[PDB]
Every structure is written in structure tokens, then in C-alpha cells.
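Below is the structure I would like to discuss, written out as C-alpha cells.
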Amino acid sequence: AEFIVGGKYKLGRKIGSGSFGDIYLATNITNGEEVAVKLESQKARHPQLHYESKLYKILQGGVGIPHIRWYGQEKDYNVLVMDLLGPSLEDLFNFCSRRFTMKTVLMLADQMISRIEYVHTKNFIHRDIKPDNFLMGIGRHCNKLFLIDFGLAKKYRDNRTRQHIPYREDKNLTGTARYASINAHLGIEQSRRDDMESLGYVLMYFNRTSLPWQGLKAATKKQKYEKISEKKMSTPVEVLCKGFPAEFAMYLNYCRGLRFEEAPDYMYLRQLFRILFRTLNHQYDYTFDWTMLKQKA
Amino acid sequence: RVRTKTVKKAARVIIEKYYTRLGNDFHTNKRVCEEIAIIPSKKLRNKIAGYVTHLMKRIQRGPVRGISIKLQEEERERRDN
Amino acid sequence: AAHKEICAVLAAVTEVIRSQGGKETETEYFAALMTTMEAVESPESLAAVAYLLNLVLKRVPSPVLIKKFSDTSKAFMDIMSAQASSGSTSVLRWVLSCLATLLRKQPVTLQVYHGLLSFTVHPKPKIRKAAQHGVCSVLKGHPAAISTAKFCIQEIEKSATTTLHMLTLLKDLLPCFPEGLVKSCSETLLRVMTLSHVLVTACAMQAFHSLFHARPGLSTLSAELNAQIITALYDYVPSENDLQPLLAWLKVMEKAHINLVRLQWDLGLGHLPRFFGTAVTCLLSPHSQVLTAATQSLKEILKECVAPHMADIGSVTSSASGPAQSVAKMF
Amino acid sequence: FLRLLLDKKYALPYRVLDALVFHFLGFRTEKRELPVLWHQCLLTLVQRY
RNA sequence: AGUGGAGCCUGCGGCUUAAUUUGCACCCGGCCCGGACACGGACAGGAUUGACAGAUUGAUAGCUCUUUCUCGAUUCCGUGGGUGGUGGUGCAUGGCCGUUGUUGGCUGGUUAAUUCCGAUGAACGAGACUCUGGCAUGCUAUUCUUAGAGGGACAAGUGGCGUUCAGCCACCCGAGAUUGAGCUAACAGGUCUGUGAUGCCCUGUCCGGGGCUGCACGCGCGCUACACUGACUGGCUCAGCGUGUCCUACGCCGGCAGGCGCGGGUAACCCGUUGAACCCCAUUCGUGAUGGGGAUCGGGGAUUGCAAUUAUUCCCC
């Protein structure tokens, strides 16, 4: 009608906005399966969609990555169309009236540990990890988390010569500062260590359901980020998880002290998480809070 | 309205034959189209009278030498027969 | 990819970067970047700061410019000498552009004008075009007209491909000249008309077209000078049927006659019959374009230069004396 | 390629046979006229296996 | 006026030839590849792939001939009158072009030059086909109803806009200055990966060298001459149709072909006032296969081409 993408997909309504585009819904006119649309304007400030296509075709095959459907250019735009996914973690955070339990956050922690394992075994970093960035599956994928939005992703290691991007200071905050690292705040080159520090930050966001530096206001954006930084060094590690198991605390201590060229033992983290999970006497039944409020209705 | 090819062709040949007996207004032209041409169609008769009237109101505004030599040429042709 | 962005130097630098610190403008940026201008010859770093200096410099820091014009003149002059000794293009081009902006906004000023002027004959087109446009913007934006006119005269008399270059200067700068320098320039121009080269002839006819088309005042051009240059231009009339220079010759003689009538109408009408006779003779050329051009030129002169003065002239008979006799002659 | 590689006449694994017959399960209620070559592929399939 | 005679060139025949292609097609040498199906053979003891070096070769070359190193099932040998497929070919067949108005709207190097290359949108309207109505106090059996015919309207008249002619606008008069009916369509130009287990007939490339009339002859087109109404030398003086980014002016050198430099010409602009030849005027020649005629050869130079031998073409003796 008004617009057809790919010659066989009919566009629908907007569902959200991406880092470098807008997110729409679409229906395939050939078979009827529903797809998600990332559209961007061909003349803008950030032409990075082809790099996103390269990163999506690199990350194929493994769990936690939606499969690639199509990419093309449409008369004023470039559009990359992917498989449909469900809501992000912040949508479930809003639906549950701002409360998470121990079992659900350990499910989410294991899933994001697996996601970070996959992305660092595929030789790339994320740098914009947030609960909005991790989506949830649909259909039989209803128990599987998915990772999207490679717009701010970059290469952090080489396949042949085993070399990192050289360390250099004064890096701008590409992602959000609610879960940015101390090294990311200062301008230190982001690596895997800052990545699972951000995993620990979204973990404590899920646990405490609030941040002491959330909603902080200052003179400007740089002053806001700086103030969040010195109050982050001013905050002790153990006081962030008072009344909580020390697993998260020593996880933060372990991921804080990691070096640049080191290879962390993710099997150790998974082992510790599953030991805590079985010592609190729970099982992997995938009964989440959003799921049980769906059956309660 | 536009005019077809046969109307202007028949009008030109009827000028070239009988310019002498014509007039200046639609009345005399439709009268001489009645009494000179067969013209079974009254519609085409009105069209031919209107366009020869247009030809008249065009051509006596020109120089009189061409119309004059047309008169003695037509008189010579009539006197020859 | 990064030139078409709004944040780039294409759009936003021209608007919001001029407001340095919230107030437009401060040359403390330039006052701080002397250290890169001195003892550093790194490409694409001098050129970029010269580009930004050229772009920001138009936003009128005029009393500050008048104050530290000496410091800027010395700094950009040593930049000129160093880059002439080194031989680069982009840094030289935008430093020419920013010196042009500074001289447009504002004894030593004559020296800065001479330094800006001396790089017209520089063989690189990017340097030469920038210098030419800068000199044209400085003069049209004058006490410096005599110096540049004498420089052009001496540059022509010294010299063959640069002749067309300062002829382009003359084409773009003849109206803003004093009368004696116009006379000397036209004498030198007819001196290079003594040569049979075609391109110099066409370009200097274009210079005459630009001179007479602007309709100069009495200070730039007098009526006696116009009559003399009209009588001097009759000696060429290329052959009969050349149609590239004859078109320009008719057009510049038409414009000169129009300007002469505009200055002093009776002398212009007196000089008209010779031009009308030559145009009538030139109507025997086999080219249709020159015939149409001669018809259009004589029609324009009849409508604009001959018609409104006929109430002043009055009726003409076979025994007329003044401009009426000239009207009878061209009839 | 279906027709010619069935004409290769190799030892077909039975999961492959399940996949092919699952495609033919995929063709239940479509109305679009599939060509004579479709019946040729079916003919080679029922001739070999 | 000739041709048919003579010399030379060319066309058909014919003759020679490896070929002298024919109503680059020809010849001499060297590469490259070349079904599946069936059945029988070889095949991990190994099917088969790739290869440096040297050689054959007219030259090189794992495309071949030596000597072994490696790839390992990606297989390779034979026989079928059985089909056939990267085949050619027609029909039905679905989509898609073109076909039968109006007004808007610059980083870079480079040149005399806004020079050159190089990055870099919109609306408005849209049958000129056929028939035909309004008003008749008229004719016909007739102002109120009829139904045949005859009238009436043709842009006819006015004023503006108009290439001053096609047309447009508005208006007076007038019943009517346009109210109703019927008519999208068409592809012998086609195109485009689709539909019929669709009818038929079968299962070459690049490289080097040569030849393309080589000539006893038959049949024809032509060019030059057999001289005195002429040949030679000198002098004099007149065209037109065309063409040109290879036509050429001019200067210098060589006796000539030719060589070097420097200008004009995208052209009624420069070659070019196209200084043409026959012709005209003087000299030599004197009936002589001769100063007529030039074929065929010998020597040398120059030029176009990758290359001139079997003579490319030109010049001198």
C-alpha cells in the first residue's frame, strides 16, 4: 500500500526507537510470519547500519542472537529487517511494579553471563549494555534471552595476531552512565572487564530496583557523568549489596580487579552462580515473575 | 469548435470557383451555399457558410489588386464558356 | 560521510563555532594558535586551522582587527614567505583567503595589499583564483586602486599566459580605477592589441565590455576619454566575417556609445553616424548572427540613446547644423 | 536439484526422507498450480525410494 | 566514339595447387575439452588431484616426454543401434516497454575563462467519433394533444488577450452559444526465466606460418598507344561539385620522393582570388618500331606499417 519493504513485507506500526534507527513491526505477505524493522535515514549524522549488518552476520548461529532476515535500501532509507522479539527487561521491570526476586535475578544473571560469553567468544564488545538492550524471545524462544543493537559495538581483539586495541585515555561515554564503568567514566579503553562490570551494574539495578546515582542532576551532561563517577568511587562495594548474598559483591570485586589482556574464567562464575542457586534450593523451572503474573492474571 | 479537413477544402475550392457571387454575412453565404452547392447535410451547410463568411471577413481587408485580377480571371473563364 | 553531517564544518562551524565561549567573536583562538603557525610545517593541520580561521574571520571583530592588524599582518606575512619558500597549496590558499577577509574588513596596509596582490601570477590555479577573488573582494569592499593598477600595467609590460590572468584582473577591476590609470591601462591594452594573438584580443574586449557595462562615473571615465577611446577602437574591425571578435567589437562600441550619450548626449549623437555607417556596412557579412547583433545594437541605441532627446533636438531638415544633422547623416 | 539428486540414487538417510516428506506435508492446501516438474520430482522419488 | 588487334590490370570458366575460400570463408602444424543409464572390470595393498627442474616443439607447457613427492574416494576403463542435453527449432501461454498538453525548480588537481574531469524536486487539466433536444401560432391528416417533413445555430455579433493568425476569456441578442444517448480498446514493434512428462532434427576455441588467381587457354569489362590534327622543353592564361582533425599556408635542407619547425581551419572565416589539364604561344624533332609506345627487368634512395620476401607505394638512372 503506502510502503512495501523487501518486495514481500508490509510495514506496520512503530514499537520503539533504536540507537541508530527506528523500530517498526512488519508482516511477511508471502507466508505471514511477523518481523521487526530497523529503519534509518540515508542522510544523517551516523551512517552505521552496514556495520550493524556485518556484526549481525558475524554473530549468527549461536544462542542469544536473532537470525538475520534481510537488509536493503528503500528510496530514502536503509532498512535492516530481523526476526520479531518480545519486550526488553525494563518492560518487565515496569510490569512487575518494580520488584525482582532472587530466583528471577539469578536466571537473568545466568542468561546475561551466557550472552557475554558468546559475544566475547565472537571477538566483539558491546559498550552499551542496559536492560533495554536485552530482549526476550517469542514462541518456543520464551525461555531464551536475546542480545541486539550492535550500533555502538566495536572490535576488541584480533583473530590472527591475538592483539587488543591499544590502550589510550580520554574516551567519550558512548553508552549510558547509569551502568557505565569507572574505567569507562575516566576514559580508559573499554574491554571485557568493563563489560561484566556493566553486567554487575545491571545486576544490582535488578536487585535493588533503584540506584543512588539515578536521577542525579548537575550543571551539564559532562558534570553529571563526572559527579556520578566520583560518587561511584566514593561508594564502597559491600554497602551496595547490604542484606544480600555476598556472591554479587565478590563478583564485583573479581571483575573490578581484572587486567587488560587477561582471559577471565567464565566457567568459574557460572559454577559459583549455580552453587548459590542450588544452595538456596531452587530449580531451573523458568517460572519468572512476569510469567507467574501472566498465569495469575 | 474545430473545423474538419473537408469543410475547409470545399470552402477553398468554392471560393476559387465562385468568389464573384458571394456576400459578406452568414445570410448571403448560406443562401449561395443552398443555390450553388448540393450539400445534402444542413449541418455541413451551416459549417461551410460560417467558414466562407470567415474567409470573406478575412479577405476584403487585403489589397485590392489580387482580388481584382481574380475578378478578371474569373470573368475570362466565364466568357470563355 | 563526515562532511555532509550537520555537526561538520559544512554548516554548524559557520554558525555556532563563531560564537567562541558564547560571544562572537574572539581571536584568542587565533592568538593561541600562533604556536602551530610557527616552527610547524605539518600538512593537514596548518590547512585545517587556516580553513577555520578563514571561515570564522568574517564575523566582524572590527575594532580588535584595527588594533592587532599589525600583529596579524606580520604573522600572516611570515606565513606567506615561509609557504612560498616551501611550496604548498591548501595552506597558502586559505591564508590568502583569510588575509583577503582581513584586508576587506580594515602604510603597512599597502604592503599587505602588495603581498596579497603579488600571488596572482602564481602558476597554480587554486592560488591564482583565490588571490584574484580576494583582490576583487578587497577593492569592492579606494586608495589602493592606483597601486594595483600600476602593478597590472608593469606586469603586462614585463611580459605569455599570465597576460590573460591580469587581463582577467583588469576585466574584474576596471570600474574601480581612477581616470589617469584607466587611460594608461587602455593605452597598454591597445599596445597588446598591436599583437595578433586571438585570446588576448577576446579577453581584453571582455575587459572593455566590463568597463563600459558598469556605466562608470565622471571620476572614473570622462566624456573626452570616451570619445578618444571610441575613435581609437575604429582601427581594428577585425576583417568582415570573423564573428567571434566582431561580436565583441560591436558590443563594446555599443556600450561605449551608450556611456558617451549618457555622459554628454550631443557628442554621442555626433559620433553615432560613423558607427551606424560601419554597422550598415557590417550588415553585408554572410553570417546571420552578426546581422542580428548589429540590428539589436542599433535598435538599442535608437530606443535608449536617440529617442528621448528628440524633443530637445526638434525637427531636422536638409540644412541642419547640430545633432539634427548627425541624425540626418545616420538616417 | 531435488529431481537430479534423487536421480543420483544414493543410500538415502531416513531423516532426509522425513524432511522431504515434511516439505510435502508443507504442501497441503495451497491452490497455486505447481508445474509438471513437481510431478516429475514426485515421479523420480516414487521410482527410486 | 569505339571495343574485338597489341601490352597491362581485372571478372567469370578452365588449368596448376596443401590451399589457390565463397554463392577469412581456404590450407599446413600445436593446444584445450568430449554425457548420464545399464552391465562387467580396477580402487584404500590404493582410485585420482596438484607440481619445481630438464626436454620435445616453430616456440612453452604437469595441456605432453623423463625422475619421483604429494590430494585421497571428490573414482576411471570397456560395451550398447537404449535414451539423450549448457543443444537448434514452432505453437498456446502470464507479466512489462514504447506506440497509435500547461506552469514552475564543491575537498582535489585543471584552463585565458563559472574551462576540464573528479565528489555531489514539483504540481495543474485532459472524449476535437456518430446521432440529437429547448422555439415554431409555419406545410401536411393542426393555436391546447398527436407524427412525417421544412426552418432555426453557424462561435454568428461585440470588447479585450493573442506570432495579429490559430485560439482563449467575458458579454448582448437569441428558445438553444452546448443538453442527452451510443462509443475503454489494439500490438503482424515486441520484450521479459513461466506455463504443455508441447511437435520436430542431432548427441568448437585459441596460436604460428601460407594461400586468397598462382597461368597453357575460352569468353567479357577497362587503362595506355600504334604518332606530324603528334612527342619534348620553356612561356602564358581560365573552373566546378565536394571534402577536411587530417586538410594544409609559410620558413629551412635535399636534385626527387621526402625530412625538420612554426601557424590557420569543427570550416562560405584556412588550404582557396581552389594560379587544373586539355587549350594558346615559341624551340627541338622529320616518316624512321624513330625523340611514338611503355611492358618487363638491373642498381640505389625514401615513405606507411608490429611485419613489404612472392616486387605495399613513391623517386632517380
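Only helical DSSP H runs with n ≥ 4 go in: add -39500 (n - 2.57) per run for chain B, normalise by residue count and round the 222 nm mean residue ellipticity to 500 deg cm²/dmol.
Estimated from H runs of four or more residues: -24000 deg cm²/dmol.
Right, another one. Which residue, chosen from A:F260, A:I228, A:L272, occupies the Cα position most advanced towards the positive end of the dipole of the range A:86-292, where the dipole is computed from +1 (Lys, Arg) and -1 (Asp, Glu) charges on Cβ about the Cα centre?
It is A:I228.
On alpha carbon coordinates alone, what is the Rg over Rh value for the protein assembly as shown, Rh being the Kirkwood radius?
Using Cα coordinates only, the ratio equals 1.21.
Would you please state which residues of the range A:153-174 a label at A:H46 would reach in this model, taking the label point 7 Å out along Cα→Cβ and a backbone N cut-off of under 11 Å?
A:153, A:174
In addition: Collect residues whose amide H, placed 1.01 Å from N in the peptide plane, falls under 5 Å from the amide H of A:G18; neighbours closer than 5 in sequence don't count.
A:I23
Oh, and also: If I model a spin label as a point 7 Å beyond the Cα along the Cα-Cβ vector, how far apart are those points for B:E16 and A:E262 in nm?
Inter-label distance under the simple model: 11.2 nm.
While we're here: Sticking with the crude label model, points 7 Å out along Cα→Cβ, report the distance from B:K57 to D:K31 in nm, one decimal please.
It is 6.6 nm.
Shifting gears a bit: Averaged over all directions, how much area does the convex hull of the C-alpha atoms of chain C cover when projected, in nm²?
22.3
Ranked by Cβ crowding within 10 angstrom, fewest neighbours first, how are C:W249, D:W38 ordered?
Starting with the residue having the fewest Cβ neighbours, the order is D:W38, C:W249.
Per the Kirkwood formula on distinct C-alpha pairs, the Rh of the range A:86-292 is how many angstrom?
With all distinct Cα pairs of the range A:86-292 included, I get 18.0 Å.
Could you work out the relative contact order of the range A:64-118, using alpha carbon pairs under 8 angstrom and six or more residues apart, expressed as a whole percent?
Relative CO of the range A:64-118 lands at 23 percent.
Of the peptides A:231-242, C:67-78, how do they stack up when ordered by the mean number of other Cβ atoms within 10 Å, highest first?
Listed from highest to lowest mean packing, they are C:67-78, A:231-242.
Sticking with this one: Mean residue ellipticity at 222 nm from the helices of chain C, using -39,500 (n - 2.57) per DSSP H segment of n ≥ 4 over the full residue count, to the nearest 500 deg cm²/dmol?
Using -39500 (n - 2.57) per qualifying helix, the result is -20000 deg cm²/dmol.
Shifting gears a bit: Per residue Cα convex hull volume for the range B:1-60, in cubic angstrom? If you can, show how the numbers build up before the last one.
On the way: hull volume 4.9 nm³, N = 60.
So the per-residue Cα hull volume is 82 Å³.
Here is a follow-up. Multiply the residue gap between A:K296 and A:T30 by 0.36 nm, knock off their C-alpha separation, and tell me the result in nm, one decimal place.
In short, 92.1 nm is gained.
Where a number appears in this text, it was derived from the coordinates with a stated rule and is not lab data. Counting neighbours? That spans all protein chains shown, and the Cβs are built from the backbone with ideal geometry, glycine included.
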